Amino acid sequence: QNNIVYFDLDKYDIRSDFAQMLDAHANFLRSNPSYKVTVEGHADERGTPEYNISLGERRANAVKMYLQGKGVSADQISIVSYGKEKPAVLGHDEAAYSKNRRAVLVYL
(Lines of atoms letter the chains of each structure in order from A and count residues from 1; the text may use other names and numbers.)
(Lines give C-alpha, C1' and ligand atoms only; values in the text may rest on other atoms or scores of the structure.)
Protein backbone atom coordinates (compact mmCIF):
# COMPACT_ATOMS: atom_id res chain seq x y z
CA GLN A 1 0.00 0.00 0.00
CA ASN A 2 2.57 2.81 0.78
CA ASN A 3 5.41 1.72 -1.55
CA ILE A 4 3.80 0.42 -4.77
CA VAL A 5 2.68 2.12 -7.88
CA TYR A 6 0.17 0.23 -10.10
CA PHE A 7 -0.30 0.59 -13.85
CA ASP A 8 -2.85 -0.38 -16.51
CA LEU A 9 -2.04 -2.64 -19.44
CA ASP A 10 0.84 -1.14 -21.47
CA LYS A 11 0.82 2.04 -19.35
CA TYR A 12 3.89 3.41 -17.55
CA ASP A 13 2.94 6.90 -16.33
CA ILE A 14 2.63 7.71 -12.58
CA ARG A 15 -1.07 8.55 -12.16
CA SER A 16 -2.31 11.25 -9.67
CA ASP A 17 -3.37 8.83 -6.90
CA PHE A 18 0.27 7.76 -6.35
CA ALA A 19 1.67 11.35 -6.30
CA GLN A 20 1.08 11.73 -2.60
CA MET A 21 2.66 8.35 -1.78
CA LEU A 22 5.74 9.05 -3.92
CA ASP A 23 6.23 12.50 -2.31
CA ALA A 24 6.69 10.89 1.08
CA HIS A 25 9.44 8.88 -0.54
CA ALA A 26 11.06 11.97 -2.13
CA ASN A 27 10.79 13.81 1.18
CA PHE A 28 12.52 11.01 2.91
CA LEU A 29 15.33 10.60 0.35
CA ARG A 30 16.01 14.34 0.04
CA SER A 31 16.48 14.31 3.80
CA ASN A 32 18.82 11.31 4.00
CA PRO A 33 21.16 11.69 0.94
CA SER A 34 22.97 8.66 2.43
CA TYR A 35 19.98 6.53 1.35
CA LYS A 36 19.41 4.49 -1.80
CA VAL A 37 16.06 3.36 -3.20
CA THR A 38 15.65 0.44 -5.56
CA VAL A 39 12.67 0.61 -7.87
CA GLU A 40 11.65 -2.90 -8.87
CA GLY A 41 9.45 -2.90 -11.93
CA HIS A 42 7.16 -5.60 -13.28
CA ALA A 43 4.82 -6.59 -16.05
CA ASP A 44 2.02 -9.15 -16.28
CA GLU A 45 2.47 -12.48 -18.07
CA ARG A 46 1.12 -11.63 -21.47
CA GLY A 47 4.17 -11.26 -23.72
CA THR A 48 7.52 -12.98 -23.56
CA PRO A 49 10.02 -12.82 -20.79
CA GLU A 50 12.97 -10.86 -22.25
CA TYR A 51 10.69 -8.39 -24.09
CA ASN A 52 8.52 -7.79 -21.00
CA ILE A 53 11.59 -6.61 -19.11
CA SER A 54 11.02 -3.33 -20.97
CA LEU A 55 7.46 -2.83 -19.58
CA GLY A 56 8.87 -3.24 -16.06
CA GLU A 57 11.71 -0.79 -16.87
CA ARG A 58 9.33 1.93 -18.24
CA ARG A 59 7.40 1.75 -14.95
CA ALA A 60 10.47 1.82 -12.69
CA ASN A 61 12.00 4.62 -14.82
CA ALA A 62 8.84 6.69 -14.52
CA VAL A 63 9.07 6.44 -10.73
CA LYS A 64 12.69 7.51 -11.02
CA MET A 65 11.86 10.52 -13.13
CA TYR A 66 9.08 11.58 -10.77
CA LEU A 67 11.35 11.42 -7.72
CA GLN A 68 14.05 13.36 -9.63
CA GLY A 69 11.29 15.86 -10.33
CA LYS A 70 10.91 16.10 -6.55
CA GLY A 71 14.60 16.97 -6.06
CA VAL A 72 15.96 13.45 -5.46
CA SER A 73 19.58 12.69 -6.43
CA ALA A 74 19.87 10.47 -9.52
CA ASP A 75 22.49 8.54 -7.58
CA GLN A 76 20.03 7.67 -4.79
CA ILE A 77 17.86 5.71 -7.27
CA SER A 78 18.56 2.49 -9.11
CA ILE A 79 16.13 0.51 -11.22
CA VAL A 80 15.78 -3.20 -11.64
CA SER A 81 13.15 -4.68 -13.94
CA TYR A 82 11.96 -8.21 -13.32
CA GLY A 83 9.64 -8.26 -16.33
CA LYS A 84 7.12 -11.04 -15.71
CA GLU A 85 9.54 -13.26 -13.68
CA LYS A 86 8.39 -12.21 -10.18
CA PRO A 87 4.60 -11.99 -10.10
CA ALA A 88 2.93 -10.85 -6.84
CA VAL A 89 0.17 -13.39 -7.44
CA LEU A 90 -0.57 -16.34 -9.80
CA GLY A 91 -3.63 -16.43 -12.04
CA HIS A 92 -4.61 -15.75 -15.61
CA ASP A 93 -7.14 -12.97 -15.50
CA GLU A 94 -7.12 -9.24 -14.94
CA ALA A 95 -7.43 -9.64 -11.18
CA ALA A 96 -3.96 -11.32 -11.22
CA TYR A 97 -2.58 -9.09 -13.96
CA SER A 98 -3.45 -5.72 -12.36
CA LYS A 99 -1.82 -6.96 -9.17
CA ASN A 100 1.40 -7.78 -11.06
CA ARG A 101 1.65 -4.59 -13.13
CA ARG A 102 3.57 -2.52 -10.59
CA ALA A 103 6.77 -0.80 -9.42
CA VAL A 104 7.90 -1.42 -5.94
CA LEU A 105 10.10 1.00 -4.01
CA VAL A 106 12.43 -0.87 -1.73
CA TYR A 107 15.26 0.21 0.57
CA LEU A 108 18.04 -2.39 0.28
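Residue numbers here begin at 1 and follow the sequence given.
Colleague: Hey, which bit's got the bigger mean C-alpha B factor in the entry, 62-70 or 48-56?
Modeller: For C-alpha atoms only, the mean B-factor is higher in 62-70.
Colleague: Quick check on the record: does 32-40 or 79-87 carry the larger mean Cα temperature factor?
Modeller: It is 32-40 that shows the higher mean C-alpha B-factor.
Colleague: Going by the CA temperature factor in the PDB record, which third of the chain does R15 belong to: lowest, middle or highest?
Modeller: It belongs to the highest third of the chain when residues are ordered by C-alpha B-factor.
Colleague: Sorting the chain's modelled residues by C-alpha B-factor, tell me whether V106 ends up in the lowest, middle or highest third.
Modeller: CA B-factor rank for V106: middle third.
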